[PDB]
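So here's one chain in two forms, each on its own in structure tokens, numbered structure 1 and structure 2.
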Structure 1
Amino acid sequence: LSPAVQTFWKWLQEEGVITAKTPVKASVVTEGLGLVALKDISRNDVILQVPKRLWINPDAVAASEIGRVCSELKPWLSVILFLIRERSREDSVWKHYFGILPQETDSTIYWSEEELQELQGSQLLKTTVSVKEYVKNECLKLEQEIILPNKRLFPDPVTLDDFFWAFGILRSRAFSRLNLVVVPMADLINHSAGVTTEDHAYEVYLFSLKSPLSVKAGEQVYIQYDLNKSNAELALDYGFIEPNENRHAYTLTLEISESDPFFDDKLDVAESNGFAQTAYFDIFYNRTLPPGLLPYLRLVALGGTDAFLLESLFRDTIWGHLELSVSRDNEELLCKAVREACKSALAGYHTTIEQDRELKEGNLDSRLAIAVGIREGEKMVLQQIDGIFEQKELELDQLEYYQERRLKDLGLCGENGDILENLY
């Protein structure tokens, strides 16, 4: 199989973790290293368990030499350091484990500059940059506020690579369904679209991993890393994406600009209804628009004419009105805004959707494959969004705005009330 692997398997045997009782062995798979069943495994059948003596979470670090200095650092920042540190120490408990970890994955955080060019204009790139940058800054501070000031605790130098490595290890290996825990044995299980349950991680302590599917002997055991992540999200978190178009999403960022002459009132309406000065709306392919997006768009586009809706008089129905549409100029404005944003965004890519689809038809490198897939999907969402609002522009007169809704109760054709009035 492999040196480090064979050595790693041994290490788990003597640690009492794995035994000749476990129905699975390590194997080289297209997804790297994975867990191949040694015998017909059944649904919900536990395949392996690990002693909390082997975790690597905010509970292992704090109980370590650097626990004191990291006591004030965010949980992840704390674990990254612990990971890097334990990596160096040629005696650490995670010696053989670290020997197995990949130097890299296909997460966009490791992509070269050429590789990233393949994501030109893509939201995924904007996001990966932000995340890389932010992690960078955050990690430098830890070098000058904890790494250097404590040269006793952090011997060997800590390169920016070491950071991204550890950060990567967190994003693609840590289990969040329980925090951030790392489990040497259950770190090898891979992801599959075949698993549609997402009920595997569980501890009795002891981390117990149960196979959500019946895997016949020889086959690989899988799990569902997350039924809710977009492809953009899997691309950055792990090094892969799915062909499932239902994973393509594009998030829109709305906000009530402070320069808005009705900023104070608008923000008041937004917060009274669960929305901040800045709100993010994730838009998934083939899914209906997220609730609140339209009403918020209408709020953003409001305008002097319909500003009367911001008066204390409607501070109990204003949101309902926002949901039912304000006025034609309001709707026309917001549609114009969204449509221009889509066109502008779409124009930011360096390939046409046809080109991407043709590319997908050949053999693509894992990273190029991710870029192509991601960018095509984003374009599908950008175009679907734009299509939705294009239609809306056409139906711009089918909506019954505020003024109309207000007169839908005049009772012009009632009784000859004057008769009754002249009766006193």
Structure 2
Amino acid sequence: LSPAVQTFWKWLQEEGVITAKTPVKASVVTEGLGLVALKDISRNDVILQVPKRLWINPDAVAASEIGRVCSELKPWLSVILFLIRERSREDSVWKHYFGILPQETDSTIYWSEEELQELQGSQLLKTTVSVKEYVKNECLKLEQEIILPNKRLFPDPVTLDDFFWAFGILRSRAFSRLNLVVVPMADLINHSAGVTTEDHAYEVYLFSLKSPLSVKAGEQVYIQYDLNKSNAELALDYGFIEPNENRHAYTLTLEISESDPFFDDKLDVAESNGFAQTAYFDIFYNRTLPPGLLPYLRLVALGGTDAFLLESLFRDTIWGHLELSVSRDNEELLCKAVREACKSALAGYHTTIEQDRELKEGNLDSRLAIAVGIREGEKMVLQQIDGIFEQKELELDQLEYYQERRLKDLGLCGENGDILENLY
């Protein structure tokens, strides 16, 4: 099979992890390394359990020689260093383990500059930069503040590469479902759209892993990494995406600018209803607009004319009105703004959806395939959003704004009220 692999298995055997009780051998699959069922496994069947003696979370780093120095360090930062450190030591308890870990994945955090050009104009590109940058800073402060001072615990130099390496390992191997644990045995389980549950972790401490699906002898055992992540998210966290167009999403960012003459009043209204000065609305393909998006858009484009709704008089129904619409000038404004943002964003890509779809029709490199699928999806969402507001511009007169809703109770045609009045 593989050097460190055929050995890594041996390692677990003595640690009382892998026995003739566990029906699942590690194998080389299209997704790298994975768990192949050694024999017909059933639903919920615990495939393998690992002794907490083998975890690699904050609790294990706090108990090692670097447990002190990393005392005030944040959760991940502690594990980053720990992982790096153990990778160096030739007598580490995870010796056969690290010889198994992939030096890299297809996460965009590793993409070359050319590779990154394939995501030009994409939201994913932005996000990946930000993340790469941040991690960098936090990793440089660790060197200058922990790695270098304690030249006794960290003998070897630590490069950025090693950092991103450890980070990636975290982002693609941590089970934050119990918040940042790692399990050398159940670390080799891959993701599959076949699984639609999203609950496999367990603990009897101990880490118990159970296959949410009945696998036959020879086949691979999978799990659902996260039913709620977008493709842009699966792309960064792990190095893969799904064909499922329902994973395509595009998040819009809304904010009440401080230069807005009604900033103070608008922010009070927003906060009073669960929204901050800045708000993110995730828009998924074929899914309906998120609640709050429209009323927040209306608040943003409020304007002098409708500013009267910001008065103490409505501080109890203003949001209800925002949900029902303010006025035609208000609706037209936000539509205009949204459509313009969509068209502007659409122009930022270097390929058309037609080209992307044709590309997908041939054989693509894993990272090329990700960029293509990611950018095609984003264009679909942007165009769906644009489609939605284009319709809105047309039905701009079918909505019953504030004024009209206010006059829907005039009772013009009532009684000859004067008769009653002239009776006293």
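Please note that residue numbering is based on structure 1, beginning with 1 at the start of its sequence. We call the rigid core the largest set of C-alpha positions that still match within 1.5 Å between the two forms.
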Which of 39, 68, 357, 43 has its C-alpha displaced by 2 Å or more between structure 1 and structure 2 after core superposition?
-> 68
Determine, in Å, the CA shift of residue 154 between structure 1 and structure 2 after the rigid core is used for superposition.
-> 2.2
Once you lay the two forms on top of each other by their rigid core, how far has the C-alpha of residue 84 moved between structure 1 and structure 2, in Å?
-> 1.1
Distance the CA of residue 173 travels between structure 1 and structure 2 [rigid core superposed, Å] | 0.5
